[PDB]
Amino acid sequence: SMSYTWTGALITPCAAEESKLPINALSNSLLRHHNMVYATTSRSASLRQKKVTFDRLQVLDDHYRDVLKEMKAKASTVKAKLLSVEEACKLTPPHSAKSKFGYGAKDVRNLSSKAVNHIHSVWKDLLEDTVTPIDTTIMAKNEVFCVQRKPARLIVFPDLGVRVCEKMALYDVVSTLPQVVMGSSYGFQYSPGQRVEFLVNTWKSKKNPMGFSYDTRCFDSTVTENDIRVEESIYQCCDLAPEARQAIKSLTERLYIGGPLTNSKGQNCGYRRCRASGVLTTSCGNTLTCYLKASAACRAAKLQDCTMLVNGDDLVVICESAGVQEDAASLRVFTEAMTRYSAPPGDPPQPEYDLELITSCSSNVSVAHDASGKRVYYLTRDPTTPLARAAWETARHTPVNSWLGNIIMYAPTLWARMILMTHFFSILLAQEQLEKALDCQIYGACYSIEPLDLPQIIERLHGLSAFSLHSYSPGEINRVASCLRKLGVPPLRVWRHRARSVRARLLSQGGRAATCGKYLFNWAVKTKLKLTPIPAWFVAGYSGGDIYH
Ligand SMILES: CC(C)C[C@@]1(C(=O)O)C[C@H](C(=O)O)[C@H](c2nccs2)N1C(=O)c1ccc(C(C)(C)C)cc1
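The PDB entry lists the protein under the name RNA-DEPENDENT RNA-POLYMERASE, with Hepatitis c virus as the source organism. What the PDB record gives as the title of this entry is "CRYSTAL STRUCTURE OF HEPATITIS C VIRUS POLYMERASE IN COMPLEX WITH INHIBITOR SB698223".

Listed below in C-alpha cells is the structure:
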C-alpha cells in the first residue's frame with residue numbers, strides 16, 4: 001500500500017510565491033543576516049513528494065487490539081450531537097478558501113441562501129452515497145525558516161461545502177471524544193501553564209523517572225487505510241444520531257481513507273491512500289492513532305507505569321526507570337513495535353533522565369524565578385524559527401501572524417518578552433494599530449485578537465508570574481544569545497533599552513495601552529512596579545480542520 005501515487009502533473013501555486021526575505025525600513029532593527037531566512041514554495045514540491053511517498057506494512061498483535069478495545073469502551077460513553085448548518089457556518093474562518101461552487105467563507109458565515117443551499121445539497125449527497133471518492137486540492141505550503149533548506153510541506157483539503165458538512169457530522173465528536181478516550185494523556189486539553197504543570201507533576205510522580213519523545217517519520221504518510229477505519233470504528237462507538245452515523249461512514253469511505261488529488265489549475269496530480277492534512281479529523285485522528293500505537297508499544301516493551309502525552313503525531317512517554325541499560329533496551333523494543341504498527345522513527349528515541357532535555361510539541365521545560373524568587377517552570381523553545389518568521393512578518397502582511405501566536409504561547413520566555421513584545425509593540429505604536437484585531441493560530445485553530453488584549457490572555461494561560469520571571473537558566477540564556485548571533489539580531493541589552501522606550505510610550509495612552517506597558521514591560525524597568533491581578537481555548541486540537549474560535 002503506497003501512501004500516494006502520482007500522475008506527473010505538477011503541484012501548482014495559486015498565486016505568486018516569495019522565497020527571499022522581504023526587507024523594509026524596519027527589517028535591520030530586528031535581523032541583519034537576511035540570507036539565512038527563506039520561505040518554501042511549490043518549486044520544491046517534487047522533493048517533498050519523494051519523502052512522503054512510500055509503502056506501508058502493518059502487523060497488528062494482541063497488545064494493539066487490547067488497547068483498541070479499551071479505547072472503544074471509553075468512546076462508548078460519549079454522546080455527541082449533529083451541528084446545524086448555522087452552527088457549522090459560524091465555525092468557518094472569515095478567510096477560509098472559497099468554494100469551487102460559487103460562494104465563499106463570508107457567504108457561509110453570513111448564511112447566504114446560495115452557500116446554505118449548496119451545503120444542504122452536499123450533506124444530502126453524503127447520506128445518499130457512501131462510495132464515491134470526494135475531490136481534494138493539493139498545495140505546497142509557503143512557510144518561513146532559517147537555513148540549516150527544507151522542501152515545502154503539502155496540504156490536502158476538500159471543498160468549502162464539504163468542510164462545513166464535516167463540522168456538522170464531527171465537530172462535537174472530535175471536540176469531546178479524545179479527552180474521554182485518552183484522559184490526561186490528551187495534549188490539547190492543556191493551556192501552556194497546565195501542560196508544564198502536568199509534565200512536571202507526571203515526572204515527579206515516578207520513583208525514578210525516565211522519559212522520551214518519539215518522532216515518527218512523516219506521520220501522515222504512515223497512516224494506513226486500517227488506521228482510518230479503526231478511527232471510524234472509535235467514532236461509531238459514540239451515542240450518535242443515525243444521520244450522523246451515516247455521514248461519518250460516508251466521510252470516512254469517500255474522503256478520510258483517500259481520494260484523488262487535484263492541483264490549483266484543476267489537473268489530476270494523483271491519488272492519496274493516507275491521512276489528508278487538511279480535514280477536520282486530522283488532529284483527532286492522528287492523536288487517537290498515535291496514542292493507540294504507542295500505548296500498545298509500551299506493553300510490547302514492558303515499560304513500567306507509562307504516562308503518555310500526545311498531540312497529533314507528537315508523542316512523549318514518561319515512565320518508571322528499570323535502570324539505564326534496561327531502559328535503553330526497552331526503548332528499542334518500543335521502536336520495533338511502533339515500526340510493525342507502521343510508525344517507524346525519523347530519529348531513534350533516546351531515554352532522558354532530565355525533564356528539560358525532552359522536546360515535545362517542539363518545546364522543553366525550563367525554570368526561572370518570580371518576583372518572590374520562587375521557582376517557576378515554563379515551556380520554551382529555540383527561538384530561531386519564531387524570529388525568522390517575525391522578520392518576515394515585519395516587512396510583509398501575512399494571513400496569519402505567527403509573532404502574535406508566539407507571544408501568546410511563549411509569553412513567559414526570555415525571547416518572546418524581550419524581543420517579540422518589544423519589536424511588535426513598537427511597530428504597532430508607530431502605526432496606531434494597537435486596537436486592530438489580528439488573525440493568529442493556536443493549536444491550528446484561528447483566533448482574531450487585538451494586541452491590547454494581551455495582558456489578560458497571558459495571565460490566564462500562564463499565571464501572573466509570566467510578567468515577573470527572571471534569573472532564567474544559563475542554558476536557556478545561552479541558547480537565546482547564540483540564536484541572536486546566528487541571525488544577526490541585536491543582543492538582549494539593546495532590547496532592554498528599546499523596551500523602556502516602548503513602555504513609556506504605552507503608559508502615556510492610558511487605558512488598555514498603559515496596562516500593556518505596565519504588565520508586558522515590567523521586566524524592563526530597574527525598580528519594578530508591584531504587579532497585581534488585572535480586571536477586564538484549550539479543549540481540543542483542530543490543526544488542518546478549518547476552525548475559527
Ligand atoms: C505561532 C504558534 C504558537 C502556533 C502553533 C499552532 O499550532 O498553531 C504552531 C507551532 C509549531 O511549532 O509549529 C506551535 C505547535 N507546536 C506543536 C504543536 S502546535 N503552535 C502552537 O499553537 C503551540 C505553541 C506552544 C505550545 C506549548 C508551549 C508546548 C504549550 C503548544 C502549541
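A. Examining the overall build of the protein more closely. Helix and strand counts for the protein stand at 20 helices and 15 strands. Relative to the 2.2 N^0.38 estimate, which gives 24 Å for 549 residues, the radius of gyration of the protein is 24 Å and therefore close to what a compact globule would have. Taking the principal axes of the C-alpha coordinates as reference, the protein spans close to 65 × 60 × 45 Å.

B. Layout of the sheet that holds strand β9 (residues 304-311). Judged by pairing direction, the sheet is antiparallel, and its four strands sit side by side in the order β9-β10-β6-β11 without closing on themselves. Lying at the two open borders of the sheet, with one neighbouring strand each, are β9 and β11 (345-347). Ignoring strand direction, the axes of neighbouring strands in this sheet form an average angle of 40 degrees. Relative to strand β10 (residues 314-320), strand β6 (residues 209-216) runs antiparallel, the two being bridged by six bridges. Bridge pairing links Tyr214 to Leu315 in β10. Against the sheet, helix α13 (residues 324-340) engages β6, β10 and β11, with an angle of about 30 degrees to β6.

C. Local environment of the packing of aromatic side chains. Following the criterion strictly, the structure yields 18 aromatic pairs and no others. Measuring from ring centre to ring centre gives 5.3 Å for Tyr171 and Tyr542, while their planes differ by 10 degrees; the resulting arrangement is stacked. Residue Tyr171 is classed as buried on the basis of its relative accessible area of 19%. Between the aromatic rings of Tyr214 and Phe334, the centroid separation amounts to 5.4 Å while the plane-to-plane angle is 70 degrees, which identifies the pairing as edge-to-face. Of this pair, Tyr214 sits in strand β6 while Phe334 sits in helix α13; the two residues are 120 residues apart in sequence, bridging distant segments of the chain.

D. Representation of the site of the ligand. Close to the ligand lie 15 residues; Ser363, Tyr410, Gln441, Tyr443 and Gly444 are nearest. At 2.9 Å, a backbone N or O of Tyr443 approaches an oxygen atom of the ligand. In the model, an oxygen atom of the ligand is placed 3.0 Å from a nitrogen or oxygen of the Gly444 main chain. Surface burial for the ligand is 79%, taken as the share of its 620 Å² of free accessible area covered by protein chains. Elements represented by at least two residues in the shell around the ligand include exactly α8 (192-204), α15 (402-409) and β14 (438-442).

E. Representation of the pattern of salt bridges. Across all of its chains, the model carries 18 salt bridges by this definition. Linking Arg396 and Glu18 is a salt bridge whose minimum nitrogen-to-oxygen distance equals 2.7 Å. Assessed through its relative accessible area of 32%, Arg396 is described here as partly exposed. A salt bridge links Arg512 to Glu450; the nearest nitrogen and oxygen atoms lie 2.7 Å apart. Of this pair, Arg512 sits in helix α20 (residues 511-520) while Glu450 sits in the loop between β15 (445-449) and α17 (454-462), placing them 62 residues apart in sequence.

F. Region of interest: the pairing of β9. Bridging between β9 and β10 involves six bridges; their strand directions are antiparallel. Counterpart to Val310 in the pairing with β10 is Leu315.

Reading guide: rules and limits
Residues numbered from 1 in each chain as written, not as in the entry; some residues may be left out. Heavy atoms only, no water. Residues with missing side-chain atoms left out of burial classes, pairs and counts. Helix = DSSP H or I, 4+ residues; strand = E, 2+ residues; numbered from the N terminus. Rg over C-alpha atoms; globule rule 2.2 N^0.38 Å. Pairing = 2+ DSSP bridges. Axes fitted to C-alpha atoms, helices over the stretch in contact; angles between N-to-C directions. Contact = heavy atoms within 4.5 Å. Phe/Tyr/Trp six-rings, centres within 6.5 Å; stacked < 30°, edge-to-face > 60°. Buried < 20%, exposed > 50% of the residue type's maximum accessible area, 1.4 Å probe, protein only. Near = heavy atom within 4 Å. Polar contact = N/O pair within 3.5 Å; in protein donor to acceptor, adjacent residues only side chain to side chain. Areas by Shrake-Rupley, 256 points an atom, 1.4 Å probe, with all protein chains shown as cover. Salt bridge = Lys/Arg side-chain N within 4 Å of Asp/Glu carboxyl O.

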